[PDB]
């Protein structure tokens, strides 16, 4: 583990891609209001951003409703443009809220200037969903219970 900084971050949660304006989820344009609420209800806004002095970055976000979903896959898109690049993730912690299991998902980023695309199957919906996340509004001092993967 390396010298660096641990920030609090606010996750921008998007049903509609913030750069292209396109919705990839099969719900499409006519479902924007329910889709946006669904992303917001699933992914917590408060997150952790680790930046080592050497330049490595790890973003941890928290997913609610994990008892109802699965087959998580993630892609990175630097600058929010160009191709989606498949990326590994690690569950660094599990917790609980009023909906059951929560998962802390850690993903390495080439830059904070990055879109994360996620997809997963949702059991009660009987279909897979596609959404976008990105980190902003950095807070110098992280406050919360996520577990640091990278920096001391």
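Positions refer to the first chain, counted from 1.
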Could you settle it for me: does 53 to 61 or 34 to 42 have the higher average Cα B factor in the PDB entry?
53 to 61
Of 44 to 52 and 117 to 125, the stretch with the higher mean C-alpha B-factor in the deposited entry is 44 to 52
Would you please rank residue 130 by its C-alpha temperature factor against the other modelled residues of its chain and give the third it falls in: lowest, middle or highest?
lowest
Please rank the C-alpha B-factors of the chain's modelled residues and tell me whether residue 71 sits in the lowest, middle or highest third.
lowest
